[PDB]
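A closer look at the structure
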Number of protein chains: 12
Amino acid sequence: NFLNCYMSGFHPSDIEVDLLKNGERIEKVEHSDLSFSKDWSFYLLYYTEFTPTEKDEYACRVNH
Amino acid sequence: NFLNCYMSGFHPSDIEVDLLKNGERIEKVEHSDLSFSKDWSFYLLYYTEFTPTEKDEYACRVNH
Amino acid sequence: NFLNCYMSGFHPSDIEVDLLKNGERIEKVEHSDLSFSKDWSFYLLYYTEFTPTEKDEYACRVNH
Amino acid sequence: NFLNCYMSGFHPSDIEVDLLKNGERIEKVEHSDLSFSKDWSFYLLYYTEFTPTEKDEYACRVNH
Amino acid sequence: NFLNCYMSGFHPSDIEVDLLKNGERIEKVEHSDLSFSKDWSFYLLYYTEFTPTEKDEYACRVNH
Amino acid sequence: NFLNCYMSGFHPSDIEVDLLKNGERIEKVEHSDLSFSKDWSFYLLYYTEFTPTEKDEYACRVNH
Amino acid sequence: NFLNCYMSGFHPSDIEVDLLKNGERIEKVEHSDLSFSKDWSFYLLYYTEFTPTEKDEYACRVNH
Amino acid sequence: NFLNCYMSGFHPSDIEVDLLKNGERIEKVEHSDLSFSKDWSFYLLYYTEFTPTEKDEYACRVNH
Amino acid sequence: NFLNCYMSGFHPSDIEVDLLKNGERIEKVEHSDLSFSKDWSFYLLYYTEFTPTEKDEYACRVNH
Amino acid sequence: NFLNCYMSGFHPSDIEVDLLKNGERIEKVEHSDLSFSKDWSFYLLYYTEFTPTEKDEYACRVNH
Amino acid sequence: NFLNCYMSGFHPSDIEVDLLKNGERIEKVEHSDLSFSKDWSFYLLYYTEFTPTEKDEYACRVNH
Amino acid sequence: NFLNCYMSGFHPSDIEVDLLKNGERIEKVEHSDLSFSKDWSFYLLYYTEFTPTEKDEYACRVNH
């Protein structure tokens, strides 16, 4: 029994990025850009008035 | 029994980034950029008034 | 029985970044950038008024 | 002079079972089943009345 | 002069079972089943009345 | 002069079971099952009445 | 700022002369001539009257 | 700021002369001539009257 | 700030001459000539009257 | 100056006999017969009356 | 100056006999017969009357 | 100056006989027969009357 109550945010999965995986007899390889990401900022605010009012209840029950 | 009550933030998983994994007889390889990320900042605020009011209850029960 | 009540922050997992894993007879390899990240700052604030008011209860019960 | 008087039972010969003999650059190979046999039972009897009356004379002669 | 008077039972010969003999650059090889056999039971009887009356004369002669 | 008067039972011969004989650059090899056999029981009887009456004369002669 | 005031003479660049780079299974390779040059003589004069009167002002300025 | 006021003479650059870089299984390799040059003579004069009158002012300035 | 006022003469750079870099299983390699140069003579004069009158002012200035 | 006055007998030259010279990924090779010759007998006589009468003069002159 | 006055007999030269010279990933090789010769008998006579009468003069002169 | 006055008999030269000279990843090699010769008998006579009458003069002169 798999129960997921709440999931959010950056969660990519099962991603494969490859270049010349089984390359044979290749010549010069230059300026290969395989960068996945640059910056990870969950809260990025400029001159912001951040006032969230949330009453949240997380209740997930597995009865057997 | 797998129960996930709350999950958030940066959590990528099962990611493979490779270059010339089984390369044979390759010539000069230059300027390969495989950087995954640069900066990890959960809270990044500039001139911000950060006033969040949250009443949150995390209650997940597994009854057997 | 796996129960996760609350998970957050930077937690990537199962990530493989490799270059020329089983390379044979390769020539000059120069300027390979495999940096994972630069800076880890959970709270990064500039001229910020940080006033969060949170009443949070973390209650997860496993009854057997 | 090759003389065979009596031959019986399980005697297979000159059998070759192979998979990917000279395989190269294969990413995944999973759940390969090359089992030759499971159980060798010459007499397997359930609720059996086994009463065979046999008189046998194995007489093979090589005269030179 | 080769003379075989009586041969029986389990006697397989000249059998070759192979997988990836000269394999190169294989990323994953999982759950390979090359089991030859499980159980060797010449007499396996359940609730059996085994009463065989046999008179056998194994007489093979090589005269030179 | 090769003379075999009586041969029986479990006697396999000249069998080769192999996996990745000359393997190179393999990342993972898991759960490889090359078991030849499990149990060797010549007489395996359950609730059996074993009463075989046999008179055997094994007489093989090489005359030179 | 790249400024070149005067450049002359023999200055070839970025030249690649190659033969059988990744050659395989070659029976014979004979009399391969890859000579780049023979003689470097800036002044080579025979029975010459060399009388050049030159006034040169090499003035190149980078103002920031 | 790169400033070159005067450059002359023999100055080749970035030259690659190669033969059978990754050669395999070659039976014979004979009389391979990869000579780059033979003689370096800046002034080579035979029965020469060398009388050059030159006034040169090499003045290159980088002002910051 | 890189400033070169005067450069001359024999100054080649970044030159790579190679033969059979990663060679394998070669039966014969004979009479390989990789000579770079033979003779370095800046002034080589035969029956020469060398009378050059030159006034040179090498003045290159870096002002910060 | 090459002078051959008398040449006779078995003298073959420059003969190449090969099988699978640069073979790759070949299966079983069996019963390869590359025998050059069996028997070398210059004089082989059976019940022979061998009576040769020869007056032979071998005179070859190289005058320089 | 090469002068050959008399040459005879078994003198083969420059003969190459090879099997799988640069073989890679070959399977079982069996019963390879590369025998050059069996028997060397210059005089082989059976019930022979060998009576050769020869007056032979070997005179080769190199005058310089 | 090379002068050969008389040459005879068994004199083969420059003969190469090889099997799997640079073999890689080969399986079982069995019953390889590379025998050069068996028996060397210059005079082999059976019931022979050997009566050769030869007056031979070997005179080769090199005059300089």
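A brief structural summary. Shown numbers run from 1 along every chain as its sequence is written, which may differ from how the entry numbers residues; residues without coordinates are omitted from display. Each chain gets a letter, beginning with A, and each ligand a number, beginning with 1, in the order they are written. In computing side-chain properties, one takes all heavy atoms of the structure into account and sets aside hydrogens as well as water.

**As for the overall build of chain A**
This is how it is decided: Working definition: helices are DSSP H or I runs of at least four residues, strands are E runs of at least two. Numbering for both runs from the N terminus. Based on C-alpha atoms, the radius of gyration is set beside the globule rule, defined as 2.2 Å times the residue count to the power 0.38. Only protein chains enter the area calculation, which uses a 1.4 Å probe; residues under 20% of their type maximum are buried, those over 50% are exposed, and those in between are partly exposed. The protein chains shown are the only cover counted for residues, whose accessible areas, like all others here, come from Shrake-Rupley with a 1.4 Å probe. Think of it this way: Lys and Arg go in the positive column, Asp and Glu in the negative one, and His and the chain ends go nowhere. Charge placement uses NZ in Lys and CZ in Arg. For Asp and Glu, CG and CD serve respectively.
Within chain A one finds zero helices and seven strands. In chain A, the order of α-helices and β-strands from amino to carboxyl end is β-β-β-β-β-β-β. The C-alpha atoms of chain A give a radius of gyration of 22 Å, which is well past the 11 Å a tight globule of 64 residues would have. Counting across all 64 residues of chain A, residues that qualify as buried make up 19%. Surface summary for chain A: the accessible area is close to 4,700 Å², and the carbon and sulfur share equals 47%. With 6 positive and 12 negative side-chain charges, chain A shows a separation of 5 Å between the mean positions of the two kinds.

**Notes on the sheet that holds strand β5 (residues 49-50) of chain H**
The test is simple: The rule for pairing is simple: two strands pair if DSSP sees at least two bridges between them.
With respect to topology, three strands assemble into an open sheet ordered β5(G)-β5(H)-β5(I), the strand pairing being parallel. The open sheet terminates on both sides in strands that have one partner only, identified here as β5 (49-50) of chain G together with β5 (49-50) of chain I. Pairing between β5 of chain G and β5 of chain H: two bridges, direction parallel. Note on β5 of chain H: the bridge partner recorded for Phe50 of chain G is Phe50 of chain H.

**Observations concerning the interface of chain E and chain F**
Interface size is commonly expressed as the accessible surface area that is lost when the partners come together. Quick reminder of the rule: Any pair of residues with heavy atoms lying within 4.5 Å of one another is described as a contacting pair. Accessible area that two parts lose when put together, evaluated with a 1.4 Å probe and summed over both, is termed the buried area. A pair is scored as a salt bridge if a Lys or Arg side-chain nitrogen falls within 4 Å of a carboxyl oxygen belonging to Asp or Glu. Throughout this description, a polar contact denotes any pair of N or O atoms lying within 3.5 Å of each other; where both atoms belong to protein, one of them has to be capable of donating a hydrogen while the other can accept it, and for residues adjacent in sequence the pair is counted only when both atoms sit in side chains.
The interface is formed by 64 residues belonging to chain E together with 64 residues belonging to chain F. Together chain E and chain F conceal approximately 5,900 Å² of surface at their shared face, both sides included; 52% is due to carbon and sulfur atoms. When the area that chain E buries against chain F is broken down by residue, the three leading residues are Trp40, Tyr43 and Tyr58 of chain E, summing to 13%. Between the two partners, chain E and chain F, sit zero salt bridges. On inspection of chain E and its partner chain F, the count reaches 66 residue pairs in polar contact.

**Details of the state of the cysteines**
Residue and element names in this part refer to chain G. Inclusion rule: Only a pair of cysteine sulfur atoms within 2.5 Å counts as a disulfide in this structure description.
Using the criterion set out here, one finds 12 disulfides over all chains in the structure. Between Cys5 and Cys60 runs a disulfide, and the two sulfur atoms are separated by 2.0 Å. Because the torsion about its S-S bond is 80 degrees, the bridge between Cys5 and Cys60 counts as right-handed. Here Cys5 is found in the loop between β1 (2-4) and β2 (13-19), whereas its partner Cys60 is found in the loop between β6 (54-58) and β7 (61-63), with 55 residues between them in sequence. Under the relative-accessibility criterion, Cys60 is labelled buried at 16%.

**Some thoughts on the environment of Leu3 of chain D**
With respect to the helices and strands, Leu3 of chain D occurs in strand β1 (residues 2-4). A residue is classified by how much of its surface remains accessible, and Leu3 of chain D, at 25% relative accessible area, is partly exposed. Taking C-alpha positions, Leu3 of chain D is 34 Å from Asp18 of chain D, a pair spaced 15 residues apart along the chain. Residues contacting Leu3 of chain D, with those up to four places away along its chain left out, are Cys60, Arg61 and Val62 of chain D together with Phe2, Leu3 and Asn4 of chain E.

**Here we look at the side chain of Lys21 of chain H**
With respect to the helices and strands, the residue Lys21 of chain H is situated in the loop between β2 (13-19) and β3 (28-33). Side chain to side chain, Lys21 of chain H and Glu27 of chain B meet in a polar contact 3.2 Å long. Dropping the residues within four chain positions of it, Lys21 of chain H is found in contact with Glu27 of chain B, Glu27 of chain C, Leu20 and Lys21 of chain G, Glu16 of chain H together with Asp18, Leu20, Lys21, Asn22 and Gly23 of chain I.

**Things to note about the pattern of salt bridges**
All names here are of chain F. Within the structure shown, the criterion is met by 77 salt bridges over all chains. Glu16 is the partner of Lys21 in a salt bridge, and the nearest nitrogen-oxygen pair spans 2.7 Å. When its relative accessible area of 36% is taken as the criterion, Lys21 is described as partly exposed.

**Examining the arrangement of the chains**
Regarding chain E and chain G, which are not in contact, the minimum distance between any of their C-alpha atoms is 19 Å. The two partners chain E and chain J share no contact, and the minimum distance between any of their C-alpha atoms is 9 Å.

**A short note on unusual backbone geometry**
Apart from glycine, the bulk of residues carry a negative phi angle, and the bulk of peptide bonds sit in the trans form. Residue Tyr47 of chain F is not a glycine yet carries a positive backbone phi of 55 degrees. One non-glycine residue, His31 of chain G, adopts positive backbone phi at about 55 degrees. Among the structural elements, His31 of chain G can be located in the loop between β3 (28-30) and β4 (39-46).

**Some details on a nonpolar patch on the surface**
The condition is simple: The residues that make up patches have over 30% relative accessible area and no salt bridge, and they are joined within 9 Å when like-charged or within 5 Å when they are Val, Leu, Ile, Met, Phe, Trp or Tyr.
Nonpolar side chains collect at one region of the surface, where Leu44, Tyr46 and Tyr47 of chain A, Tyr47 of chain B together with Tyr46 and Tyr47 of chain C lie side by side and expose about 750 Å² of accessible area between them. Summarising the element assignment, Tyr46 of chain A is placed in strand β4 (residues 39-46). For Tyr46 of chain A, a relative accessible area of 48% puts it in the partly exposed group.

**Some words on the sheet that holds strand β5 (residues 49-50) of chain K**
Reading across the sheet, the three strands line up as β5(J)-β5(K)-β5(L) and stay open at both edges, with parallel pairing between neighbours. Sheet topology places β5 (49-50) of chain J together with β5 (49-50) of chain L at the edges, where each strand pairs with a single neighbour.

**Overview of the side chain of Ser37 of chain E**
For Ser37 of chain E, the location among the structural elements is in the loop between β3 (28-33) and β4 (39-46). One polar contact links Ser37 of chain E to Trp40 of chain E, side chain to side chain, over a distance of 2.8 Å.

**Description of the packing of aromatic side chains**
Any aromatic ring pair is given by two values, namely how distant the centres are and how the planes are angled relative to each other. The condition that has to hold: When two rings of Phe, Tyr or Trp (its six-membered ring) have centres within 6.5 Å they constitute a pair, described as stacked for plane angles under 30 degrees, edge-to-face for angles over 60, and tilted for the intermediate range.
In total, this model carries 176 aromatic pairs over all chains according to the counting rule given. Look at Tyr6 of chain A and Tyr6 of chain B: their rings are 4.9 Å apart centre to centre, the planes differ by 0 degrees, and that puts the pair in the stacked class. Of this pair, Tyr6 of chain A sits in the loop between β1 (2-4) and β2 (13-19) while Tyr6 of chain B is found in the loop between β1 (2-4) and β2 (13-19), placing the two residues in two different chains. By relative accessible area, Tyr6 of chain B is classed as buried at 12%.

**Regarding the environment of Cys60 of chain J**
Taking C-alpha positions, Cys60 of chain J is 8.3 Å from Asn4 of chain J, a pair spaced 56 residues apart along the chain. Apart from residues lying up to four places away in sequence, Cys60 of chain J is in contact with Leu3 and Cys5 of chain J together with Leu3, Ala59, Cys60 and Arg61 of chain K.

**Some words on the environment of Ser41 of chain H**
If you trace the backbone, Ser41 of chain H turns up in strand β4 (residues 39-46). Under the relative-accessibility criterion, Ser41 of chain H is labelled buried at 5%. Measuring from C-alpha to C-alpha, the distance between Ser41 of chain H and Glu30 of chain H comes to 31 Å, with 11 residues separating the pair along the chain. The residues touching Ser41 of chain H, leaving out its near neighbours within four places in the chain, are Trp40, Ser41 and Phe42 of chain G together with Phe10, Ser41 and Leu44 of chain I.

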